[PDB]
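Protein chains in written order, with PDB author numbering: chain B, 2003 to 2117, 2127 to 2132; chain A, 1003 to 1118, 1127 to 1132.
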């Protein structure tokens, strides 16, 4: 369950569980506002809006996306509707261990750093 | 298993079974030379080396990577050492269906086409 995956995450963040487990959960790590949701069904998607370096050119940017040994390594993309970059990662709900979400979140944030205090966001 | 998966894909592509399955398997689909390998352990990695439109700016190229409902939608990246772009997708070996590799490869080929069947060994 998504609700149950979130709940266990929040306990691991030492964050109080809202009465309402909304469809899109906001969590802020340090300066980084992250969003957590199920999309598509059966998949946990996490994403954040990174602040890019002006001097980074396309090769440099695209280099962050090469495959690696870590399947939680986040992907840098661009949202043409909102007109801004989007950093995201994703893993199957059906395959989580008790530490999978926390790890996904940490890997998403380290990914933003390359380009903890928590708040129920 | 990696071997078996590939065996079924080949059979589905009407490609002979090559006597000894190598760690990186080449398959050509139309003009697209693709590669299939297990990396990391437990994952089926497929990649191809696309031809980019040099008129595309960073925002347009990265747009291809936005998330969607299809988890086999390929990712556009760059290989610093090889000095070239790289398009790839990936899925867990332990959850395949009889159509999983076939579909993964078709989604890889479509992404290549979006940046601009006949199957053979490569």
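We put the CB at the ideal spot given by N, CA and C, even for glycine.
Quick one: does residue i have its CB under 8 Å from some CB of chain A?
{"i": "residue 2076 of chain B", "result": "no"}
{"i": "residue 2065 of chain B", "result": "yes"}
{"i": "residue 2099 of chain B", "result": "no"}
{"i": "residue 2123 of chain B", "result": "Because chain B is numbered 2117 and then 2127 with no intervening positions, residue 2123 of chain B cannot be located in this model."}
{"i": "residue 2045 of chain B", "result": "yes"}
{"i": "residue 2122 of chain B", "result": "Regarding the residue in question, residue 2122 of chain B is not represented: chain B runs 2117 and then 2127, omitting everything in between."}
Rounded C-beta distance between residue i and residue j? I'm assuming under 8 Å.
{"i": "residue 2078 of chain B", "j": "residue 2117 of chain B", "result": "7 Å"}
{"i": "residue 1046 of chain A", "j": "residue 1089 of chain A", "result": "Not quite, the Cβ-Cβ distance comes to about 15 Å (not below 8 Å), so this is no contact."}
{"i": "residue 1076 of chain A", "j": "residue 1110 of chain A", "result": "5 Å"}
{"i": "residue 2044 of chain B", "j": "residue 2128 of chain B", "result": "About 31 Å; that fails the 8 Å criterion."}
{"i": "residue 2082 of chain B", "j": "residue 1060 of chain A", "result": "So it is not a contact: roughly 12 Å between Cβ atoms."}
{"i": "residue 1103 of chain A", "j": "residue 1017 of chain A", "result": "Not confirmed; about 12 Å, so no contact."}
My output table needs one value for residue i: the three-state DSSP class, helix, strand or coil.
{"i": "residue 1038 of chain A", "result": "strand"}
{"i": "residue 1091 of chain A", "result": "strand"}
{"i": "residue 1064 of chain A", "result": "helix"}
{"i": "residue 1047 of chain A", "result": "strand"}
{"i": "residue 2102 of chain B", "result": "helix"}
{"i": "residue 1069 of chain A", "result": "coil"}
{"i": "residue 1085 of chain A", "result": "coil"}
{"i": "residue 1097 of chain A", "result": "helix"}
{"i": "residue 2111 of chain B", "result": "helix"}
{"i": "residue 2008 of chain B", "result": "helix"}
{"i": "residue 1078 of chain A", "result": "strand"}
How would you label residue i, buried or exposed, when you count the other beta carbons within 10 angstroms and need 16 or more for buried?
{"i": "residue 1091 of chain A", "result": "buried"}
{"i": "residue 2093 of chain B", "result": "buried"}
{"i": "residue 2086 of chain B", "result": "exposed"}
{"i": "residue 1106 of chain A", "result": "buried"}
{"i": "residue 2100 of chain B", "result": "exposed"}
{"i": "residue 2113 of chain B", "result": "buried"}
{"i": "residue 1029 of chain A", "result": "buried"}
{"i": "residue 2067 of chain B", "result": "buried"}
{"i": "residue 1019 of chain A", "result": "exposed"}
Can a CB atom of chain B be found closer than 8 Å to the CB of residue i?
{"i": "residue 1030 of chain A", "result": "no"}
Can you pull the chain B neighbours of residue i, defined as C-beta to C-beta under 8 Å?
{"i": "residue 1079 of chain A", "result": "2064, 2065, 2066, 2067, 2068 and 2069"}
Which bits of chain A does residue i rub up against, with CB to CB less than 7 Å?
{"i": "residue 2033 of chain B", "result": "Ordered by position in chain A, no residue passes the 7 Å Cβ test against residue 2033 of chain B, which lies about 22 Å from the chain."}
Just the chain A side, please: which residues come within less than 8 Å of residue i by C-beta, in chain order?
{"i": "residue 2088 of chain B", "result": "1068 and 1069"}
Can you pull the chain B neighbours of residue i, defined as C-beta to C-beta under 9 Å?
{"i": "residue 1126 of chain A", "result": "Between 1118 and 1127, chain A has no modelled residues, and residue 1126 of chain A is one of the positions in that gap."}
Can you name the residues of chain A whose CB is closer than 9 Å to the CB of residue i?
{"i": "residue 2052 of chain B", "result": "Per Cβ cutoff of 9 Å: no residues; residue 2052 of chain B is ~11 Å from chain A at best."}
{"i": "residue 2042 of chain B", "result": "1070, 1071, 1072 and 1073"}
List the residues of chain B whose Cβ lies closer than 7 Å to the Cβ of residue i, in chain order.
{"i": "residue 1082 of chain A", "result": "2065"}
With a cut-off of 8 Å, does the C-beta of residue i fall near any C-beta of chain D?
{"i": "residue 1058 of chain A", "result": "Absent from the structure is chain D; the protein chains it does hold are B and A."}
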